[PDB]
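Asks: got a sequence here, can you model it:
(chains A, B and C)
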Amino acid sequence: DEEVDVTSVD
Amino acid sequence: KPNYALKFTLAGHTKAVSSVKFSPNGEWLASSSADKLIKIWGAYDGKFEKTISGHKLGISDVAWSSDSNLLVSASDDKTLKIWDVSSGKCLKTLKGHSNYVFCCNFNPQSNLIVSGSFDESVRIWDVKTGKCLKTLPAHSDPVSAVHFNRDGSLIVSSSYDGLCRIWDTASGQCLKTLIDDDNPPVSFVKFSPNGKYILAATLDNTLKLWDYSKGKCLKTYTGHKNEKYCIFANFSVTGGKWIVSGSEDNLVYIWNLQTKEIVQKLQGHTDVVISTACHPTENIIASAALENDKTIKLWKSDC
Amino acid sequence: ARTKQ
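Replies: Residues are numbered from 1 along each chain as shown, chains lettered A, B, ... in the order given. Next up is the structure itself:
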């Protein structure tokens, strides 16, 4: 359900 | 979709393989076995490198330092050992747990090591001295995994007791307990590369992605078989973004991180696929199996 | 061990 960034540290 | 395809099979261990991990520089693969042994392999060619002896009983886990120079391993011999990789020296032997050591890991700084054991506890050790710094009374059943986050500030732990707990490394204080609806034994746990999330394997054939702050389960990944063994899992992020994980039906499963559907199923092994690992920079996956198979496989992808 | 059960 909706995107999820597991790489970016912001 | 990824296109992972078999490039190498690595024979060597004479008993079930327990865990593989890519060195941080992406030169080596490290493996541990029920055969009391660790073996090093070239990450790209599968060319065997060396063997590392010392534990008195089998090994359940191994883990690289940040500079790819040292290794730590967790053995049924109630201990952990630290190893200079190129010399093959046993630098320290960490005594402390009162039963099998099952999992282990370096903090990014790599001055620390965290471990987990059947004695239901989590210990934090000093690399330089082999001394047990803290002893968290973490769980009420054996501990299946332990992992630092991006900056070593947090440790995550899991257990057959149903729980995933987050700990403050400095104080040893439990900052969070993760409760689902049913709480099946928790067989693996790991942070996302950025630390914001948590990936957790559970003996009901389910994997879940948790947001660590809000403490809520976001994604769910299924389709595989996992009811008996503690199978490693991964975030693949070198190419597209996937979830990789061994399986008790002898296959390597791959999920689309977002939509959560199986985007590939690798075939090859002949017994439970107990461990997987994703190369630091290249789209390479390493896999390993139990007593009846005992080989390690490397698959590569363009995506 | 992790490989027994």
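Asks: thought residue B:127 was touching residue B:113?
Replies: Yes - counting by Cβ atoms under 8 Å, residue B:113 is a contact partner of residue B:127 at 6.1 Å. No exception for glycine: its C-beta is placed from N, CA and C like everyone else's.
Asks: how about residue B:296: what's its closest non-neighbour residue?
Replies: residue B:10 (4.0 Å; Cβ to Cβ, 6 or more residues apart in numbering or on different chains).
Asks: oh, I was asking about residue B:213
Replies: Residue B:213's closest residue in space is residue B:196 (Cβ to Cβ, 6+ apart), at 7.8 Å.
Asks: wouldn't the one you found be in contact with residue B:209 here?
Replies: No - between residue B:196 and residue B:209 no contact is recorded; they are 10.5 Å apart, counting by Cβ under 8 Å.
Asks: which residues does residue B:103 contact?
Replies: Residue B:103 is in contact with B:60, B:61, B:74, B:115, B:116, B:143, B:144, B:145, B:146, counting by Cβ atoms under 8 Å, 6 or more residues apart in numbering or on different chains.
Asks: adjacent strands (with direction) for the helix or strand harbouring it?
Replies: Under the criterion of DSSP states H and E, residue B:103 resides in strand B:101-106. Counting by DSSP bridges, the strands paired with strand B:101-106 are strand B:112-117 (antiparallel).
Asks: what about residue B:116, neighbour count?
Replies: Residues lying near residue B:116 (other Cβ atoms under 10 Å in any protein chain shown) number 33.
Asks: and the gap between it and residue B:154?
Replies: Residue B:116 is 15 Å from residue B:154, where distance means Cβ to Cβ, to the nearest Å.
Asks: what do you get for residue B:141?
Replies: Distance from residue B:141 to residue B:154, by Cβ to Cβ: 22 Å.
Asks: have a look at the two and say which one is more surrounded.
Replies: The residue with more neighbours, out of residue B:141 and residue B:154, is residue B:154; 21 against 14, by other Cβ under 10 Å.
Asks: and the contacts of stretch B:114-123?
Replies: Contacts for stretch B:114-123 (Cβ under 8 Å, 6+ apart): B:74, B:78, B:80, B:94, B:96-105, B:107, B:124-125, B:132-148, B:155, B:157, B:159, B:161, B:167.
Asks: quote the end-to-end distance of that stretch.
Replies: One end of stretch B:114-123 sits 6 Å from the other (Cα to Cα, to the nearest Å).
Asks: ok, residue B:53 - how many residues close by?
Replies: Residue B:53: 9 neighbours (other Cβ under 10 Å).
Asks: quick one: contacts for residue 1?
Replies: All of this is about chain A. Residues in contact with residue A:1, defined by Cβ under 8 Å, 6+ apart, are residue B:218.
Asks: think we crossed wires, I meant chain B
Replies: B:240, B:263, B:264, B:303.
Asks: list buried residues within the residues you listed.
Replies: B:240, B:263, B:264 (16 or more other Cβ atoms under 10 Å in any protein chain shown).
Asks: out of those, flag the one nearest to chain C.
Replies: Within the buried ones among the contacts of residue B:1, the smallest distance to chain C is 25.0 Å, found for residue B:264 (Cβ to the nearest Cβ).
Asks: do you know how far the closest one is from residue B:135?
Replies: Relative to residue B:135, residue B:264 is positioned 42 Å away (Cβ to Cβ).
Asks: hmm, residue B:24 and residue B:30 touching each other?
Replies: No - look at residue B:30 against residue B:24 with Cβ under 8 Å: they stay out of range, at 10.9 Å.
Asks: identify the contacts common to those two.
Replies: residue B:64.
Asks: these two: which is more packed in?
Replies: Between residue B:30 and residue B:24, counted using other Cβ under 10 Å, residue B:30 has the larger neighbour count: 26 against 17.
Asks: quick one: list the elements packing against the host helix or strand of the more buried one.
Replies: Here residue B:30, judged by DSSP H and E, is contained in strand B:28-33. Strand B:28-33 sits against strand B:17-22, strand B:38-42, strand B:59-64, strand B:296-300, with contacts defined as 3 or more Cβ pairs under 8 Å, 6 or more residues apart in numbering or on different chains; DSSP states H and E.
Asks: find the residue closest to the residue positioned nearest the centre of chain B in space, skipping its chain neighbours.
Replies: Centroid check for chain B by Cα atoms, centre = their mean gives residue B:232 as the closest residue, at 5.0 Å. Leaving out its chain neighbours, the residue that sits closest to residue B:232 by Cβ to Cβ, 6+ apart is residue B:275, at 4.4 Å.
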